[PDB]
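Remarks on the structure that follows.
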Amino acid sequence: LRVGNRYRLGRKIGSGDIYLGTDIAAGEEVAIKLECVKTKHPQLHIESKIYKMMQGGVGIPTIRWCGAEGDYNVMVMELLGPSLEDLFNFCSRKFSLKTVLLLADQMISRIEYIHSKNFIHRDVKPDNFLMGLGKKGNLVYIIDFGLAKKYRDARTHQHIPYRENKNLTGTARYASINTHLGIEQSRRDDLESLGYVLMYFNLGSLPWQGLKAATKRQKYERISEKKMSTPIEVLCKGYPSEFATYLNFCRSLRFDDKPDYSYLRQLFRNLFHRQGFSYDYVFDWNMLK
Ligand SMILES: Fc1ccc(-c2ncn(Cc3ccncc3)c2-c2ccnc3[nH]ccc23)cc1
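Residues 3 to 17, 21 to 294, numbered by the authors' numbering, are exactly what the sequence shown covers, in order.
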C-alpha cells in the first residue's frame, strides 16, 4: 500500500498501530503510525505537532512526512531500534551499573531538552526510550508525546497553575508521589519518574510492582501507599548512594522550580569516574557475541 508519494507500507511492527515501511525514494526503512479519521480520542495530529516542535534535538526521532491517506491520518518517522524495556527483557532484566549510568546521563538530557521546549512528558518509562540503529546505535531517543502538556507559556514563561484532586494519567509504576496525591505534574515529576526507572534497571523490578487488588482504582491506591511507605534509603539499599541523592533532590523540588539537570548528570558522572568506567558507548547488549 502506497503512503504519501514515496512511502511503502509494510506489516505491523507492534504497539493506532505502528508499521514497518520503506522510503522507496531514499532506500531507508521508516516507521508509520496510522490513525483512522474516526476515533473518540483523535491524537496523532496533536502528537505530531509536538514532535515537530522537538525536531532538531539530540535523540528526537525525525519526522519524514505527515498527512492523510484514505481512511487514515499518517505519521512517518526514521526507523529506530528496540526500547529499553525490550533490551532489558532481552538481557534477562539485569543491567550492569555501567549501563544504567550510561543510560541515566542521556535520559536526563532528553527530559531536559523536552522541558526546554516548554513541555513535560508525563509518561517517563522504559518503553518510551528507544536506542538508534547503525551509526546512531549509541544514542538514546525519546518517544510518545501522547500524554505531554505545556507547563509554561511559550512566550511569557508563565508556569501553569498549581492544581489538585486529579486522576492519574500515565503509568502508575513510575508515577511521582505528588502524581499519586492528585497534584499537577511539572518538571520535577518527569525527573522523579526517571529516578524510579533507574532503580527499576538496578533491581529487576520495583517493590510496589505486582500488588494484587480486586479493581483498578484499588490497585492505584495500593501502589501510592506502598511508594509513600517505602523510604528512599530502603528502595536504594545495596546500590550507590547517588540513586538516593537523585530521588531525594527530585522529591525536594518545588512545583515551579527549574531542576538543576547539570547537578544530576554530574552526580552520576562522578560515580561513573570513581568506578573507573569510560564513556565508550558499550552497553551490556553490545557484548552479546
Ligand atoms: F510516527 C510514528 C510515531 C510513533 C511510532 C512508535 N510508537 C512506538 N514505537 C516503538 C515501538 C513500536 C512497536 N513495538 C515496539 C516499540 C514507535 C517507533 C518504532 C520504531 N521506530 C520508530 N521511530 C520513531 C518512532 C518509532 C512510530 C512512528
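For each residue, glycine too, the CB sits at the ideal point set by N, CA and C.
Pair within 8 Å by beta-carbon distance, residue i and residue j
i: residue 289; j: residue 101; result: yes
i: residue 167; j: residue 260; result: yes
i: residue 119; j: residue 204; result: no
i: residue 244; j: residue 207; result: yes
i: residue 197; j: residue 270; result: no
i: residue 202; j: residue 129; result: yes
i: residue 103; j: residue 282; result: yes
i: residue 170; j: residue 147; result: no
i: residue 37; j: residue 8; result: no
i: residue 252; j: residue 200; result: yes
i: residue 35; j: residue 4; result: no
Bridge-paired residues (DSSP) for residue i
i: residue 136; result: 145
i: residue 174; result: Beta-bridge pairing links residue 174 to no other residue.
i: residue 78; result: 40, 73
i: residue 124; result: 155
i: residue 164; result: 157
i: residue 9; result: 5, 28
i: residue 83; result: 35
i: residue 18; result: In the model as presented, the chain runs from 17 straight to 21, which leaves residue 18 without coordinates.
i: residue 23; result: 16, 38
i: residue 88; result: 135
i: residue 68; result: 82
Other residues of its chain near residue i: CB distance less than 8 Å, five sequence neighbours each side excluded
i: residue 230; result: none
i: residue 157; result: 123, 163, 164, 165
i: residue 294; result: none
i: residue 233; result: 182, 185
Distance cut-off 7 Å: residue i Cβ against heavy atoms of ligand 2
i: residue 204; result: Ligands displayed in this structure: ligand 1; ligand 2 is not among them.
Close Cβ partners of residue i (< 6 Å) along its chain, the five nearest in sequence each way excluded
i: residue 71; result: 53, 80
i: residue 177; result: 225, 228
i: residue 48; result: 151
i: residue 209; result: 98
7 Å Cβ shell around residue i - same chain, five flanking residues per side excluded
i: residue 22; result: 39
i: residue 183; result: 194
i: residue 50; result: 78
i: residue 266; result: 113, 117
Residue i versus residue j - alpha carbon distance
i: residue 235; j: residue 190; result: 21 Å
i: residue 218; j: residue 136; result: 35 Å
i: residue 247; j: residue 272; result: 6 Å
i: residue 33; j: residue 12; result: 13 Å
i: residue 188; j: residue 90; result: 28 Å
i: residue 264; j: residue 250; result: 14 Å
i: residue 179; j: residue 108; result: 17 Å
i: residue 211; j: residue 172; result: 22 Å
i: residue 110; j: residue 26; result: 31 Å
i: residue 287; j: residue 95; result: 16 Å
i: residue 279; j: residue 92; result: 26 Å
i: residue 268; j: residue 138; result: 30 Å
i: residue 213; j: residue 105; result: 21 Å
- Inspect the CB distances between the region 83 to 102 and the region 41 to 55 and report whether three or more fall short of 8 Å. Put simply, the region 83 to 102 does not touch the region 41 to 55. Fewer than three CB pairs are less than 8 Å apart.
- Evaluate contact between the region 109 to 117 and the region 69 to 82, counting only Cβ atoms and requiring at least three cross-stretch pairs below 8 Å. With a cut-off of 8 Å, the region 69 to 82 and the region 109 to 117 do not count as touching, because too few Cβ pairs lie within range.
- Item | Cβ contact check for the region 146 to 164 and the region 125 to 135: 3 or more pairs under 8 Å | Taking a cut-off of 8 Å for Cβ pairs, the region 146 to 164 and the region 125 to 135 touch, as three or more such pairs fall below it.
- Hey, is the region 238 to 257 in contact with the region 134 to 147, meaning 3+ C-beta pairs nearer than 8 Å? Flag = no, the region 238 to 257 and the region 134 to 147 do not touch.
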